[PDB]
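Below is one structure, written out as C-alpha cells; the observations come after it.
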Amino acid sequence: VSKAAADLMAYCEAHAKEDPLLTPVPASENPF
Amino acid sequence: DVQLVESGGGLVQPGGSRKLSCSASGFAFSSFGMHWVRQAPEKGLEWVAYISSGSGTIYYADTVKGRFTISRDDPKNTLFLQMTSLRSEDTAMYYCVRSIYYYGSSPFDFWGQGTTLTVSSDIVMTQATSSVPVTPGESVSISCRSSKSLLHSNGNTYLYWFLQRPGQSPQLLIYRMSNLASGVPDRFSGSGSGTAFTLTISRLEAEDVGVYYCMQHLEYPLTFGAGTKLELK
Amino acid sequence: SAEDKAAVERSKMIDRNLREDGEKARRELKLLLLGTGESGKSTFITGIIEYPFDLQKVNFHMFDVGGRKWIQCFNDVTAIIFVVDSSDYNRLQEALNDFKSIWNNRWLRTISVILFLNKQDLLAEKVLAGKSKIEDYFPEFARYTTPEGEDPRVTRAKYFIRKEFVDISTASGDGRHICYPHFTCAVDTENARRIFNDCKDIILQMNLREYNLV
Amino acid sequence: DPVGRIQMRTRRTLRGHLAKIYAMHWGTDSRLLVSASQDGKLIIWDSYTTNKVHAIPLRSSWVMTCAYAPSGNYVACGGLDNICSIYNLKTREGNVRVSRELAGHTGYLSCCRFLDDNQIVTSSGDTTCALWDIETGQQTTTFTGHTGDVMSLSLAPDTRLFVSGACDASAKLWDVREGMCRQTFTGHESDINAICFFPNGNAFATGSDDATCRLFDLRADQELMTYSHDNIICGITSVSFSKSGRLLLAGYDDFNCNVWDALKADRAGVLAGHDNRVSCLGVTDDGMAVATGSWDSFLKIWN
Amino acid sequence: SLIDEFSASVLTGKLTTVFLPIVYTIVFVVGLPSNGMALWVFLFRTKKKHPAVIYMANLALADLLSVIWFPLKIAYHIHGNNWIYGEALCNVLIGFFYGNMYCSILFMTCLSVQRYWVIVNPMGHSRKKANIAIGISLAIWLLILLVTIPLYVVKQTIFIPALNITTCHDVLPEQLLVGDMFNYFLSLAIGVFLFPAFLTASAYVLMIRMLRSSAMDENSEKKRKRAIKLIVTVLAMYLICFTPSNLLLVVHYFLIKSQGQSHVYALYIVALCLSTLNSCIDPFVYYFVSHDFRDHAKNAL
C-alpha cells in the first residue's frame, strides 16, 4: 500500500516544475 | 445553410446616389458584425465600411468617409450602405461580408455574391507575385508583405487570405495568418513570422485557381495588396 | 487590438442581456412545497413540478420535487409551504418529524415556513363522529383546553394539531425565521392570498433586519 | 519538506452571474471557462480578458453541473430536471443551440463530464450513473449499485475509468466499457459532495459533508491521507488538484477555499474573499490559474 | 457669536474654562473609536454594496470629521479662550466641526427616507438601487461643501485687548454677526436641520403607524415590537440632540439683529454639547443596534 503514496510523491516531484501556483512563475510570462 | 444576398447596384447616372442592401438569411445576423468590401474590375480589392454587433462602433474607408452611411436593421436581418453623391472612381464591385469577434472566432467567414455598381459618363499590404503560372501537382506558395509587423503582443496576427475564384465571391482560406476557416480543405496553410508570410498549398487542385488576396486587419483602415492571379496550364 | 476590442463589445452586450434577464428572474418569489405523501399538496392552488400564480401583480413560482439532499438548492426561496392533512394520526407524528427536519435544516434556518393544515373537514367530521380516540395516539391531548357557524367541540382538537407544530417552531429559530400556521379546506380560494400576505411579512421582516431596525 | 505559504491572490473577478454559481469547467485551451448558475444562464468566460464569449439560456434554471467538451465544441449542463443538455458552440448560424436533450434519469443530475466529444457520462440522484451516446440519445451503459443519491463524477486522464461519489458515503469507481463496478470502498461519515481525479488517474480526492477530505488510490483500497482541522467543521463543496497534485484546492461552506497540501495534509493557504459558500473550484489545464465560483455570484481567478 | 462687560463672564467662568473642554473630551474619547470602528467594518471588512451600508458608512465619516479637530478645541478652551495656533487652523476646526455636524444630520435623514420606501412598499430593490444611494450621497457632500465655504472666508480671529486674548469663533465683529453670519447660520439651521427633521420625523412615525395594525401578521413579539422601540430611540436622539441647539442658535442671532442682547450664546454653547454628544450616540444606536452587526464587528476584530 505504502508504495501507492510513494508513487504519488514520485509524480508530484516529477512534475514539480509545471505548477505556477506551487512555484510562482515570473510575471513577465504570466497572463495575470 | 448560411447565405447572404445583396442588391441595389446597377449603372448610375452622373450625380446620382444609390443604396446597397445585404439580406442575411439562415443565421443570427443580429449577432454578427457586417463589412462591405470592394473589388475594382481589374485592380484588386478595397475595404469600404464596418458596422459592429450592436451599432456602437462604425468605420469607413478614407476614399468614401462622410459620403457613405453604413446602416443595419437587426430585427429584419438586413444591412445597408447609403451612398451620397457620385464619383467615377466608385466604379467597382461591392461585396457583403460577415464577421463575429470572440476568442476563437474566424472573421470574414462568409461572403455574398456581390452587386455591381460600375459607373460611366494606413498599413500597406504588398506582394511581388502579381501573377504566376502553375500546374496541377505542384506545391506553389504565395507571399505577401506588410509595412508593419502584425504580431501584436497578444500573439494574434490579423493578416487574412482569400480566393476570388473565377466568377465567384472570395472564400476565406486563412484567418489570423495561420488558421484554416470553415469549408477550406486541408491543402492550405499559412506560415512565417513578423512581416512577410507564406500561404502554402500542397497537391494543387483545379479548384485552387483564381486571384488570391492578402489584407492586414490590425486597425482601420483595412488595406489590400494587388493579389496573385494564377494561370493554370 | 482592433479585433480584440470588438470582443469587448460582445462581452458588454452579454452583460447587458444578463442584467436585463436578471431583473425579471428577480421580483418573482420562489416557493418550495414539501407537503407529505398522501396530502392535499396539489389542491391549494421532469423531476421538478412547477405551478405559477400571481395575486396583486406579484408573480409566484412554486416548485415541487418528486425525485432531502437537493434541498440546499432552495435556500433563496421566500418561504417553504409544508402541507399536512390534519385528519390522520398514525403518520401525524411522522408529519411532525417531517416539519422538524425542515425547520432545523442547516440551509433553511433563514427561510420562513407557511404551514397549511388541510382537510380540517375530515378531522372535524372525524372527531365529531368520534369513531376513534385521539388519546390513543396523543395521550397529552386529554389535558388540552381551548385558548379561544362555529363548532366548539372539534375546535378544541383543531388548535392542538396547530399547537404541536408551532411548539416545534418556537423551540428553535430564535427569530431568524417564523412558522405561520393555517387551517384550510380543499375548496377554498383563500389559499392563494394567504401565501401573499405571509410572504409580505417575510419580505418586510427581511428588510427590518438588513436595514437595522431589529 | 513543506511548501510554506501559498499566498495566492485574486487576479480577475468574473462578475456577471445574478444568482448562485454551482459549477464551472476549464476549456482545454486553458482560457475559456463555462460557468453554471441558478440564474438560468451558461456563460463562456475569457479568463484572460474577463470577456464574456457566449451566454446560453437554459430550459431548467436548477442547474447543478456543467462541462466543457475537450474539443471545445460542446458544453453540457444538468440539474434537477432529469435531462442532460448538450449544446453546440461552433454552429455556423452563430448562436448556440441544443444538440441533444439526454432524458432517461429518474432523478436530479449532479455531475456531467464529456468523453472524446461523442460520449458523455452523467450521474443522477436516482442512485444511477449512465454513459450516453450524444447522437442517438440512448444510454449506452447504465451503472447501478449506489444506496443513495450520486453527487459527483470525475473522469480519469485516460478517460477509461471514472469515479462517482454518493450520499451513501462510499466512492464507487466504474468502467465505461465493462459497465460494472470496479471499486466501492467507503469510510466517510456523511455525503460525498465532490470528487476529482489526481492528474495520473491512479488517485482521486473526495469532498465530504463531514468537513473532511480523503485521498484514495485504487491499489490501496483505503484512504491514504485525510484533510481536516478542528477549526473547520463545515462541509466540502468542491475539490480540484494542481498540475502536479501538490496544491489540493478545496471549497468549504464557510465561504473560503482551504488550500491543502496533498502530500502533507496541512492547511498551507486560504483563498478567502468570497461572501458565501464556495461551491465550485477548478484548476486550469496548464496549472496556471485556479478559478473559484461561489453562491456569492462571483467567479474569481487566482494566481 | 458674542458681539463686553457681562459677556466677558462667559469667557472667564468655569462654564467654558473646564466644563465645555471636559465634556467635549468625553465625546471625543468614544466618538472617534466608535465611528472609527464603524468605518472599518463598513468599508474594509464588509464586501457588499448594500444600500443601507452606504448612508450608514457616510454618516460614520461625518461623525469622525466633527470630532478629529476637538484636540485643538479642548486645548483652546482650557487656555482661557485663547487661540494660539493662528488664523488657518481656527477656520479649519469651525468649518469641519459645523460642516460635518450638519452633514451628519443629512445622512440620518436619508436613512429615515430610505427605510421608508423599503419597509413601506417593499420591493427587494436593494440588489440594484445602490447607484441611487451613491448619487445622493455625493450630492449631499457637495451641498455641505458649497454651503460651508463661507465659514472659511469670513474673518473670525478677533483679538480682544481687554484680556489679551484671541478667541477664534467665540467672538465676532458686529458687522459680521448682523448681516453676514446671520444669513449663513439661520439658513444653515432652518434649511439643513429643520426641514430634514420634518422628513425624518414623519418617516419614522409613519413606519410605526404600519408596524402596528390589523393588516400586519400575528407573529410580532420578537420583531415588530422591538423595531418600534428602536425607531422611537433613533427619532428621540435626533430630536433632542439637535433641536435644543439649533433652536438656541435661531434665538441668538435673532436677538443680535434686532435687540443686541447677545448673551444667549451662553446657553447655545452648552446646548451644542448635546449635538456634539450625538456624534457618539449614533454608532451605538444605528449600527450596533443590529443583531448581526455585532457579529460582523466581532469578525472584523
Handout entry: Nearby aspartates and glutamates by direct alpha-carbon distance to C:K200 (threshold 15 angstrom, same-chain neighbours under 8 apart not counted)
Key = C:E28, C:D54, E:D217, E:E218
Problem - Top positive-direction residue, dipole computed over the range B:12-106 with Cβ charges, set B:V12, B:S105, B:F32 - result: B:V12
Exercise for the section: Find the centroid of the Cα atoms in the range B:35-104 and in the range E:56-96, then give the distance between the two in whole Å. Expected result: 66 Å
Handout entry: Semi-axis lengths (Å, descending) of the ellipsoid that matches the C-alpha gyration tensor of the range B:1-138
Key = 24, 23, 15
Exercise for the section: Report the far tail of the P(r) of the protein assembly as shown, meaning the percent of Cα-Cα pairs longer than 62 Å. Expected result: 28 percent
Exercise for the section: Mind checking the range B:17-67 for trypsin sites (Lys or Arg not before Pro) that DSSP puts in a loop (not H, G, I, E or B) and that have at most 15 other Cβ atoms within 10 Å? Expected result: B:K43, B:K65, B:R67
Fill in the blank from the handout: Within 10 Å of the Cβ of an average residue in D:46-59, the count of other chain Cβ atoms is 5
Handout entry: Kirkwood Rh and Cα Rg combined as Rg/Rh, the range E:195-301
Key = 1.14
Handout entry: Least to most buried among D:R113, D:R15 (fewest other Cβ within 10 Å first)
Key = D:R15, D:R113
Exercise for the section: Could you state, as a whole-number percent, how many of the C-alpha pairs of the range E:7-300 are farther apart than 32 Å? Expected result: 30 percent
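Got a sec? How would B:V5, D:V239, C:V65 order by Cβ neighbour count within 10 Å, fewest to most?
B:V5, C:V65, D:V239
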Handout entry: Angstrom value of the Kirkwood radius, inverse mean 1/r, which spans all Cα pairs in the range B:125-231
Key = 13.9 Å
Fill in the blank from the handout: Taking the alpha-carbon centre of each part, the distance from the range C:19-63 to the range B:114-158 in Å is 60 Å
Practice task
Can you check what the net charge comes to around E:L106, using other residues whose Cβ is under 15 Å from the Cβ of E:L106 (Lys, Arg +1; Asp, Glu -1)?
Solution key: -2
Completion exercise
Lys pairs in chain D with Cα under 22 Å (8 or more apart in sequence, or on separate chains) total 10
Problem - Choice from D:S30, D:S240, D:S152 showing the highest fluctuation, given a GNM over chain D with Cα pairs closer than 10 Å - result: D:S30
Problem - Two-site FRET efficiency, E:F6 against E:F159, from Cβ-Cβ distance with R₀ of 22 Å, rounded to 0.05 - result: 0.65
Practice task
Quick one: pull the percentage of alpha-carbon pairs in chain D with a separation above 35 Å.
Solution key: 11 percent
Handout entry: Ranked packing of D:137-143, B:214-220, most packed first, by mean Cβ within 10 Å
Key = B:214-220, D:137-143
Fill in the blank from the handout: Going fewest to most other Cβ atoms within 10 Å around each Cβ, C:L117, D:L109 line up as C:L117, D:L109
Fill in the blank from the handout: Working note, the range C:26-210: Cα radius of gyration (Å, one decimal) and Dmax (Å, whole number) are 16.7, 52
Problem - Qualifying trypsin sites (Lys or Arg not before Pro) for the range D:155-238 [loop in DSSP, other Cβ within 10 Å: at most 16] - result: D:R160, D:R177, D:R182, D:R219
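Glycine gets a Cβ as well: all are built from the backbone with ideal geometry, and neighbour counts include every protein chain shown. Read-outs throughout are calculated quantities, based only on the coordinates presented, and are distinct from any laboratory measurement.
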